[PDB]
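The data below hold one chain only, encoded as structure tokens and taken in the form deposited in one PDB entry.
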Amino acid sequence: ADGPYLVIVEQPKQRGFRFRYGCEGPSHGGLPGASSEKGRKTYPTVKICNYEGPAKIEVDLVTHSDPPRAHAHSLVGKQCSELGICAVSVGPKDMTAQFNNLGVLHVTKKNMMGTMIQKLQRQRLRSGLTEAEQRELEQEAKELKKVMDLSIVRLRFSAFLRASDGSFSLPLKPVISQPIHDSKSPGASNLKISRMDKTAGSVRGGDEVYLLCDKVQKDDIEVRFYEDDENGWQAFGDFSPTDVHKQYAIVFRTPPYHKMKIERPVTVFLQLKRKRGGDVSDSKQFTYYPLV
């Protein structure tokens, strides 16, 4: 309520965006919003609230860590500087800003240390801070380099409202986005079930199903058969990691249905679920016919 503030209208896509190295190019596509699909494209959006008037909103990459420190990666795009800082303006009509050419520069573990000290030199600006105390600033990097996840970043939106003259000096409280997992990292993809040869079985179980999927980790996968409504009953499909073919298929058997006194058939859901990730695949329906 009380005061002007910033809000993320549309969060960045948590999974599916690929980070890029310097060599790959400058133009490989922008980080979409969480509702991007089809030709209906969306981008990360924020708006200023409890204020109408000229403002500039900036964006920078910060860590997964809850105390937000600046990330080793940079943002590149049409709006952006070389510092990794993307900035947009909002006119007095429209206080909402879309960021539509946002890209994530992936630093090399070689490059990391050097490139980090340049971004760090900024907080030496705030407090003609004599280069004498560079050694004080450094060890932060040296240990930030061991604890810092390069598979995950978050966006930090910092809004500023224009003064009459000596403009855009008045700051709003900053707003941190949801985490953004590099798509090119291992458990960073969406589990998708592409196709399966069977969508029905006997209440008995032990019908063999060939399931086609996108990349799945050999022993980090399982096959959950669950009922949302009926008292959380669940079971699993039984297979050895040998039955994971080339990380794109699973041959398994069905688990028996909890109630085998079935008279009429019962539709169920089955999904893929990482054993440590926790995150499931988009679920598919499976039907169970009674003993005859």
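Position 1 is the first residue in the sequence shown; the rest follow in order. Think of the rigid core as the biggest set of C-alphas that the two forms share within 1.5 Å after superposition.
Missing coordinates between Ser127 and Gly128 amount to 1 to 3 residues of the deposited sequence. Higher average CA B factor: 276-284, of the stretches 15-23 and 276-284.
When the C-alpha B-factors of 231-239 and 55-63 are averaged, 231-239 comes out higher. Per the PDB record, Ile262 has a higher Cα B-factor than any other of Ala70, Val244, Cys49, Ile262.
Per the PDB entry, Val147 shows the highest C-alpha temperature factor of the residues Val203, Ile176, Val147, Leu212.
When all modelled residues of the chain are sorted by CA temperature factor, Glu222 is found within the middle third. When the CA B factors of the chain's modelled residues are split into thirds, the value for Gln98 lands in the lowest one. The PDB entry assigns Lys78 a C-alpha temperature factor belonging to the highest third of its chain's modelled residues.
Split the chain's modelled residues into thirds by C-alpha temperature factor. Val153 is in the lowest one. Among the modelled residues of the chain, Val90 sits in the middle third by CA temperature factor in this PDB entry.
There is also a form deposited in another entry; it is not shown, and the following applies to it.
Here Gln14 does not count as shifted, since its C-alpha moves by less than 2 Å between the shown form and the other one after the core is aligned. With the core held fixed, the Cα of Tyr43 is displaced between the shown form and the other one by less than 2 Å.
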